[PDB]
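*Asks:* A structural model of the following input is requested.
(8 chains)
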Amino acid sequence: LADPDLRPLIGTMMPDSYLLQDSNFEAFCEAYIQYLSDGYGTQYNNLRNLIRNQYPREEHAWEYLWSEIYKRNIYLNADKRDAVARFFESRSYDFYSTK
Amino acid sequence: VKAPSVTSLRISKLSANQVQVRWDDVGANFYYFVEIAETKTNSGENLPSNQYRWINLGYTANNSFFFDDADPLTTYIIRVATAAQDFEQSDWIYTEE
Amino acid sequence: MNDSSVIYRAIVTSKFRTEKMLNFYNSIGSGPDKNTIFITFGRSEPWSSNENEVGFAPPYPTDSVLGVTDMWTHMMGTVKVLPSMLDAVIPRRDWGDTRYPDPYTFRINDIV
Amino acid sequence: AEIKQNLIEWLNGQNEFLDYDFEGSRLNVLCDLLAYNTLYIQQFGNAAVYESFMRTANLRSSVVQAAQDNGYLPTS
Amino acid sequence: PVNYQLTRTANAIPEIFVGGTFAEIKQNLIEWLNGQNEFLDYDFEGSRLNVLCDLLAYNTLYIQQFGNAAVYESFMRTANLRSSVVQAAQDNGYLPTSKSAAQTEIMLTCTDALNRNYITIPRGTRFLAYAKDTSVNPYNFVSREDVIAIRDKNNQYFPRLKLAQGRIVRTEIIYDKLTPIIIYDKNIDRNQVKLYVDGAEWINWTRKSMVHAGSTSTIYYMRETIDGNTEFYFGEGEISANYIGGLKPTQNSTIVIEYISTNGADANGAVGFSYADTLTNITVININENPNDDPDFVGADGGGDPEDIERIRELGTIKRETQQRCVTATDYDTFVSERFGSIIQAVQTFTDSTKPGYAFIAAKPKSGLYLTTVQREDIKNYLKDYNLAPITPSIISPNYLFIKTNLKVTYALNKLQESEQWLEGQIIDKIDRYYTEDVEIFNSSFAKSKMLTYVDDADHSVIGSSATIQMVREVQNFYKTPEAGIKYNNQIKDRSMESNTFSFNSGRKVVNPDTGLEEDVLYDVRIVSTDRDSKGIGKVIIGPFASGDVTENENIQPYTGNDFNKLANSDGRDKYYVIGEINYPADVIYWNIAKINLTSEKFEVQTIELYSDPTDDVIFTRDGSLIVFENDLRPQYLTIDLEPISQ
Amino acid sequence: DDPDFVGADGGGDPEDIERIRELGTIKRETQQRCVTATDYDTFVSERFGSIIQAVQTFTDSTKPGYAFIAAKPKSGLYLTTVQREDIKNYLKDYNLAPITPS
Amino acid sequence: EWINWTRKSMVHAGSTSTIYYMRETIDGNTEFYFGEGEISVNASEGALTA
Amino acid sequence: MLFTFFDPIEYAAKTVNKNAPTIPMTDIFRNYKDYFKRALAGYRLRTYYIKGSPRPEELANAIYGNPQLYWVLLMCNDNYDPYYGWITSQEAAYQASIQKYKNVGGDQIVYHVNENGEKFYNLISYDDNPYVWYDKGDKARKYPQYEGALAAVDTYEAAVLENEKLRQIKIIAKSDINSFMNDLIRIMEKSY
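*Replies:* Numbers count the residues shown, from 1 in each chain, chains lettered A, B, ... in the order given. For reference, the structure is listed below:
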């Protein structure tokens, strides 16, 4: 699912074609909203999707990297570590309680 | 008795006329020989095994040989394999075009 | 398991394939311990409507007892295999024959 | 801070001196979006700073996120 | 590494956040603005349609901080700005000890006129203490708990109690359930709080003194709400408890909080206390013994001040490894910590294999050296409640290796202001700051070059510096040394390991002038480790002897020669007795005076220094033995020369 | 033939503020383990309290590795077999470490 | 059938155990996400090796 | 200025690129939303404005308040997203619909809405077949659901149905706001 790009929302909040008669004002104001909002890495996304990235199994999530077990496993396969360390930081309460 | 297939085949510090390949050790006494191929033919896109030919660049007793030539904006697709005295050749492995 | 920290290498060589065979024949003998062998013969039923021809083939047998049981139903007689009749073999390459594709050559390790 | 954001940005438009079309509309029209933007984000960030902290961070779904992680999944 | 699959990474802020240098933003926007989209039809101008691009880039570089900072302090390891750090550490069950108060145990000798048995000594019992820097002004003290005394033989009491620093304050409040009850004052150690609700008790949750197995409701909670002002609140309970939760008040109640004012860490001095007691017939007889426990005493301990940011983090994440329980060596290190911390600088708990159970804990107080007692028994109890039931914790304290400097800072007279003294003391803490930062902790070495660069950092006028050095390690029981113990861990530089003082007794009578006689307590002795030899060898000697007292037999024949084994300076009549091994290459010392078979009563007090000088400049450490220099407690070895220069 | 009776249920979606007080009761709770002398008394009495009453567990030094627990029946005096055995189970799923129950 | 593991914690279930998990979502739905593990066996080995 | 009100602090950002420069920044880390919450106590019964207009993000300068406050409307609804939190122009949701599903599936049918409002979610009819609905899997059928009939809301209608339910808000009545904001400061100056 794409999530909203904020481009159509504020596109109406501009005073239409008034005060700038050239189309270079509208198409430019269009593509500037992209760099704020539509995308993965841009601010409005990287912000609004925060607290959705706290759950490590979610895509694009991080901070599981900082975890002590992501650091210490010697698995030769490179992808499995990012599968299991992305896991187990989803449910840490399991292991820590059972130590 | 297939010799252990090479693992973690990566390219590093490629330039226009120089490209370097790296791979994990995979063993003490084995040898490795490599193949290099153009893909796009004169700004075209072409199908595998109908193209690439292959070009043997020789064999090496240690990992990561350094390669030359490879005219700019061309070549790509390195491929390696392992072999030894008593073992049958392993299977080819391609790097990320 | 997979991709363990330690990685080991094991040949199993050739000889184990042969030496294991030797133990098979090394007791075929006569007595309670020597587990003799018997071959056996076949079915009388036409087995299908299309039976005699080149295409088509018998159905693939099954290791289950449901397939073990039908033989002793459909079987007639068992010849015995003596210890002397079983034999160990090699592909027999020979130099000089024109009938077989490559007359001499015989690269590296080959039996002539 | 809605007028103060555009007024400070309107001074930088005269830093280039004559911008042509930027006298009436045509710029501030596109620069009003920048003024209407930097406010919400100045807020939305603050609103989005406090979630993962439990005893802070109101609404609901932000709690259950931080709840079941390190906690238990609450009854549906 | 070997296999490339092991690269991974440490905690890494991805390229998605990071954030702009400016002009790179100008680059990416232009490529997104001019290219791939418009191919400008813009009506501004040749320059304006260009210029206006960065006018909205300052809008980006702004919104790329103001709103992008949130994700920095949203997480923990990457956050800055305390507030976010702290507030995100309570859901890990920590809290950062906003401040702390000094604590001691004093034994009051007082008595009452009524002679009644079982005299009490209620909560506050205001005391006052100078906590000496010189004399002037007291601070305050309150016992805060109970106790009891007993009358025995002569009519006197020994109501020994413990006391905290500040005074107390109690603010009762009506609970509106809409009203986040708080405090606002910059104080109030969360370690010691009561908070009754209108009946009694309310032992809360986050910190147990008992843990009171079961007991269900009546808990409350203490966190942060940033701002420095602590939050109290109650659970979701009903009690019409309902199922599980906090009991909650009922819509109106008198909620009585009482805390300790906790003047601050300035009170570490302790020493002399005064009664200031008005209750009843208790006389407050004084004879107040601040340290009636055990060996050397620094005064009070603790005092706190809020924990630094770099402290919390390390302790903030590790407490996810634990859950409110210590099963692991690294757990005790986190349980001996800001919970019981500010009284312990470093720990490194370990378990000895030869002796099962008995989790051993080394600890160094910020006061220095030994924890004395009842500050030890205190660390005992707070663990064993959360501990692994059968095994008992024990505080051994580490094996201290100090170092003897004798350094000279050689300043210049021209550029000073406060001249000597103030600089004499200004060089102290800089050296002290070096220990506290680098080598205070375990497993870390120190380099005298690194000490000198903090020395040369004193102010300005000091130019150059230099020192000799000796590693001092003091034996406890002496007379023997343990089995394969007493080791430096460093190369000893043979012709070193020099004695201390000692003494003798007996030696017949030897009466003197004036009064009747004496015991011949003069004529001391001292030990020297002699030379190296074919491999280790080297022996050692007990020291100078005149004649008479010993058992010579066939096994002694005292001598090493007039060779090395350097001589003590007295009459002393040489004849050094051979005692023990001291293998040089693998550092080992062995004594066992019983070899020459003397009586331990002929020796004066034990606990004698030895202090060989090191071979290499850098001094290493291992096996849970710290190198930490603490001046204020033992001045005995620090000597510095200010010898000046006139230009 | 139950006492006063209405068709039972569960609740709806739980409230909001009641969610927050639970995680505070998670961290403070040691789950799927007994690390303390009073933790055995907590799990034994929580489940089996309908039969067992009045438990305490005490660890004895010089005999590390056991942590005897003392349980009393709500009915009789001594604990019966296939009970003492059944109390010893369900603590094997948790336990910890060396130091196994008695 | 696989056993609902939603709260047993984890460790009590070893590798390859049929246990499956579930969590909440940011929008209020439920996720049935499973564990991570495979039963794959080598060629010359023959063992199961979770 | 009912935001801000304190100081820039300094934002170190030292956890990334050590010796990073300190940049004075408007202070957004106070936990403001709590102050509002506790201060609001006693001013409650803020009525339900029902909105009624796709008022752009700021109606503050029309209805209660009007120093172009652009919030106290936010803190009302505990809005997490200042953009898609408020209701939007009817077309915006439609516009928002595409970008949501543009990557996968195209336009779809999210649920079939029994009368009385029982949602279904990946339940599918077969025309020219029995009239009973089936899940989008187990194509062997054999496992019918909801023997009745209902009507699908496709996608556009849902987004409309979902954002249109987002218009109700609290107010503070244009009466209290002055007296209210006069309190809301007092709590703030209180803690420092």
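*Asks:* Up against chain A, what does chain H have?
*Replies:* H:56-57, H:81, H:83-84, H:88-89, H:91-92, H:95-96, H:99-104 (C-beta under 8 Å from any C-beta of the partner chain). Yep, even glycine has a C-beta here, placed from its N, CA and C like the rest.
*Asks:* make it 10 Å
*Replies:* H:54, H:56-58, H:80-84, H:86, H:88-89, H:91-105, H:159 (C-beta under 10 Å from any C-beta of the partner chain).
*Asks:* show me which of those neighbour chain D.
*Replies:* Within those, those near chain D by C-beta under 10 Å from any C-beta are H:56-58, H:80-83.
*Asks:* Give me the three-state assignment for the residue lying closest to residue A:1 once chain neighbours are set aside.
*Replies:* Nearest residue to residue A:1, sequence neighbours excluded (C-beta to C-beta, 6 or more residues apart in numbering or on different chains): residue H:100, at 6.0 Å. Using DSSP: H, G, I helix; E, B strand; the rest coil, the structure places residue H:100 in helix.
*Asks:* Residue H:100 and chain D, how far apart?
*Replies:* Going from residue H:100 to chain D by C-beta to the nearest C-beta, to the nearest Å gives 19 Å.
*Asks:* CA-only coordinates of the stretch of helix or strand residue H:37 belongs to in PDB, if you can.
*Replies:* If you go by DSSP states H and E, residue H:37 is part of helix H:32-39. Listed next in PDB are the C-alpha coordinates belonging to helix H:32-39 (Å, rounded to 0.1, in the frame of the first residue of the first chain):
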ATOM      1  CA  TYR H  32       3.000  20.200  25.100                       C
ATOM      2  CA  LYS H  33       0.000  17.900  24.500                       C
ATOM      3  CA  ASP H  34      -0.100  17.100  28.200                       C
ATOM      4  CA  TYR H  35      -0.200  20.700  29.300                       C
ATOM      5  CA  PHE H  36      -3.200  21.200  27.100                       C
ATOM      6  CA  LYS H  37      -4.800  18.100  28.500                       C
ATOM      7  CA  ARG H  38      -4.300  18.900  32.200                       C
ATOM      8  CA  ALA H  39      -5.100  22.600  31.700                       C
END
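*Asks:* so where do the strands sit in chain H?
*Replies:* For chain H, the strands defined by DSSP state E cover H:123-124, H:134-135.
*Asks:* can you check chain G too?
*Replies:* For chain G, the strands defined by DSSP E occupy G:23-24, G:30-31.
*Asks:* about what we covered before: what's the closest of the strands of chain H to residue D:61?
*Replies:* strand H:123-124 (25.9 Å; C-beta to C-beta).
*Asks:* helices and strands around that closest one, which ones?
*Replies:* Applying 3 or more C-beta pairs under 10 Å, 6 or more residues apart in numbering or on different chains; DSSP states H and E, one finds that strand H:123-124 contacts strand H:134-135.
*Asks:* Next to chain H, which bits of chain C? Give me the list.
*Replies:* So chain C never meets chain H (C-beta under 10 Å from any C-beta).
*Asks:* what helices or strands is the longest helix along chain C leaning on?
*Replies:* Counting residues, the longest helix found in chain C (DSSP state H) is helix C:15-26. On a contact count with 3+ C-beta pairs under 10 Å, 6+ apart, helix C:15-26 meets no helix or strand.
*Asks:* Helix or strand next in line after that helix, which one?
*Replies:* Next element after helix C:15-26 (DSSP H and E): strand C:37-38.
*Asks:* what ranges do the helices span in chain A?
*Replies:* A:7-11, A:23-36, A:43-48, A:68-72, A:78-84, A:93-98.
*Asks:* out of those, which comes closest to chain D?
*Replies:* Proximity to chain D (C-beta to the nearest C-beta) singles out helix A:23-36 among the helices of chain A, at 4.6 Å.
*Asks:* which residues does the spatially most central residue of chain D contact?
*Replies:* Closest to where the C-alpha atoms of chain D average out (C-alpha atoms, centre = their mean) is residue D:41, at 1.0 Å. The neighbours of residue D:41, taking C-beta atoms under 10 Å, 6 or more residues apart in numbering or on different chains as the test, are A:36, A:43-44, A:47, D:48, E:59, E:62-64, E:66-68, E:70, H:28, H:82-83.
*Asks:* Can you pick out the most distant pair from those?
*Replies:* Longest span within the contacts of residue D:41, C-beta to C-beta: D:48 and E:59, 19.4 Å.
*Asks:* about what we covered before: the residue nearest to residue A:1 reaches residue H:84, doesn't it?
*Replies:* No. Residue H:100 is not in contact with residue H:84 according to C-beta atoms under 10 Å; the separation is 11.0 Å.
*Asks:* what touches both of those two?
*Replies:* A:3-4, H:93.
*Asks:* And the strands in chain B?
*Replies:* B:10-12, B:19-22, B:31-36, B:55-60, B:66-67, B:78-83, B:93-94.
*Asks:* from memory residue H:89 sits against residue A:12, does it?
*Replies:* Yes. Counting by C-beta under 10 Å, residue A:12 is a contact partner of residue H:89 at 5.4 Å.
*Asks:* So for these two, which residues contact both of them?
*Replies:* Joint contacts of residue H:89 and residue A:12 (C-beta under 10 Å, 6+ apart) are H:54, H:56, H:95.
*Asks:* from those residues, which is closest to chain G?
*Replies:* residue H:95 (20.3 Å).
*Asks:* hang on, the earlier thing: quick check: the farthest pair among the ones next to chain D among the residues of chain H next to chain A?
*Replies:* H:56 and H:80 (19.1 Å).
*Asks:* the more surrounded of these two?
*Replies:* Using other C-beta atoms under 10 Å in any protein chain shown, the more surrounded residue of residue H:56 and residue H:80 is residue H:80, with 18 against 13.
*Asks:* got the contact list for stretch C:11-20?
*Replies:* B:1, B:86-87, C:22, C:26, C:88, G:44.
*Asks:* could you dump those residues to JSON lines with distance to residue H:34?
*Replies:* Output for these, formatted as JSON lines (distance: C-beta to C-beta, whole Å):
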{"residue": "B:1", "distance to residue H:34": "70"}
{"residue": "B:86", "distance to residue H:34": "74"}
{"residue": "B:87", "distance to residue H:34": "70"}
{"residue": "C:22", "distance to residue H:34": "85"}
{"residue": "C:26", "distance to residue H:34": "87"}
{"residue": "C:88", "distance to residue H:34": "89"}
{"residue": "G:44", "distance to residue H:34": "64"}
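*Asks:* Closest one to residue C:54 out of these, please.
*Replies:* For those, the nearest to residue C:54 is residue C:88 (33.0 Å; C-beta to C-beta).
*Asks:* That closest one - how many residues pack around it?
*Replies:* 8.
*Asks:* Quick test: name the residue nearest the centre of chain H.
*Replies:* Nearest to chain H centroid, counting by C-alpha atoms, centre = their mean: residue H:85, 2.9 Å.
*Asks:* quick one: that residue and residue H:74 touch, right?
*Replies:* Yes. Using C-beta under 10 Å, residue H:85 is in contact with residue H:74, at 7.6 Å.
*Asks:* anything in contact with each of the two?
*Replies:* D:40, D:44, D:47, H:57.
*Asks:* how many neighbours does the residue of chain G found nearest chain D have?
*Replies:* Closest contact between chain G and chain D, by C-beta to the nearest C-beta, is at residue G:24 (5.1 Å). Around residue G:24 there are 19 other residues, counting by other C-beta under 10 Å.
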